[PDB]
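Just the one chain here, the form deposited in one PDB entry, laid out as C-alpha cells.
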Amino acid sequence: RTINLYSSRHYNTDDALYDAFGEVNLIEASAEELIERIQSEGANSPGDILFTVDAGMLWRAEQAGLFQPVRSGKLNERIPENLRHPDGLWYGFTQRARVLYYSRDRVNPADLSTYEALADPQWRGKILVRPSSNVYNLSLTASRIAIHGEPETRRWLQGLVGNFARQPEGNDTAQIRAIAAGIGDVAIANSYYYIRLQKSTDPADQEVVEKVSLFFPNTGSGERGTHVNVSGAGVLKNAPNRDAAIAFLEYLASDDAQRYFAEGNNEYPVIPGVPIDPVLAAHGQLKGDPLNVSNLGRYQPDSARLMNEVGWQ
C-alpha cells in the first residue's frame, strides 16, 4: 500500500502508525500552504490525501474543489455522522473541544455555564481569547450562527467582545497563562492545550495547572453540548492511488490506529470505545454538540464578517 499524504498535522508516533499501513510519503506544511500547493498542482497533483486540522480548514480545501467524494461502508459505520462531511468529501479522525479555563482562586465554576453566558455583564474585564483571524474562533462563532442565527450571534459577540480583559493577543496557551498571570479570569481555548501543561515537566507549567482549571461548557439541559471540532482528511480529486487512499482512511478509523493517533496531540478519538489519554479522560466524559461539523465551514465567511463588525481584533 503506498500513498502520498499531504498533512498539516504530524506528531511522532504517527510514523509507527503509518508504517503499519504501508508506505506513506509525507508532505508537510501549514494548512493554508498545503491547500495552495495543491491548487498550484492543477490536475497533476501527486497527492492522495489531504489531512488537516479544523473543519474550517477542511472547508477551505473543499471550497477550492480539492476533494473527491468517497463511499466507504467502513467509514460510514464507524465515524459518527456529525464528524464527517454529509457528501463524503472528508472525515474527522480526531476531535478536540473548545472549552473554558478559569481562575481557581477568582472564579467559582458554579458561575459558569455556556459560551453564550460569557456575554453576561458579570464577566466585564474578565474574558481572554486569541484574535478573530484564528480558525478555532472562526469555527466556534460559525457554530453559534448555525445554532442561533446571525442576529442573535451578533448580540452575543457584542457582549463577549465588551467583556474582553484585553484586546486579543497571543495563542491559545497564552490565554491560559494569562489567567495565571492575573490578566483575566476566564479564557476560551482548546482542551488539548491544558493537557500539554499537565504533562509538562516544567515546574512553571505545573504552576499554571495549579492556578487554572478546565470547565466543559454547554453540558446542561438544553445547551446542546460542548463545541467540538475535528482534524480529518479526504481523498484528493486526482489521487493517483485512490484504492490505497480509501484504505488509508479506513485504517485511520481502526481501533488500534485511533488510539495512538488521538494520543499524538492529546485529542479524543472519533470512534467510541477507543481508550482516551488518561490525563484527558480524568476531566470527564466529553459531551459534544451533535451539530454536523460541516456547519463550522459553512458559516465561516459570516463568522469572520460578524466578528470583525463587532470589533473582535
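The term rigid core refers to the maximal set of C-alpha atoms that superpose within 1.5 Å between the two forms. The first residue of the shown sequence is 1; numbering continues from there.
Remark: stretch with higher mean C-alpha B factor among 270 to 278 and 51 to 59 is 270 to 278. Checked against the record, the higher mean CA B factor of 153 to 161 and 127 to 135 lies with 153 to 161. Highest CA B-factor among the listed residues (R177, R224, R166, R98): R224. When the C-alpha B-factors of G170, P80, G232, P217 are read from the PDB record, the largest value belongs to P80.
In this PDB entry, the Cα temperature factor of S45 sits in the top third of its chain's modelled residues, the highest group. In this PDB entry, the Cα temperature factor of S143 sits in the middle third of its chain's modelled residues.
For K287, the recorded CA temperature factor ranks within the highest third of the chain's modelled residues. Placement of the Cα temperature factor of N4 within the chain: middle third of the modelled residues, per the deposited record.
When the modelled residues of the chain are ordered by their C-alpha B factor, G88 lands in the middle third.
Quick note: we don't show the form deposited in another entry, though the next part is all about it.
Superposing the rigid core between the shown form and the other one leaves a single residue from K126, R196, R154, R242 with a C-alpha shift of at least 2 Å: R242. Taking the rigid core as fixed, one finds a CA shift for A117 smaller than 2 Å between the shown form and the other one.
Core-aligned CA deviation for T219 between the shown form and the other one: less than 2 Å. Relative to the superposed core, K74 shifts its CA atom by 2 Å or more between the shown form and the other one. If you compare C-alpha positions, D87 and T153 are 3 angstroms or more farther apart in the other form than in the form on display. Compared with the form shown, the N82-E150 C-alpha separation increases in the other form, the change being 3 Å or greater.
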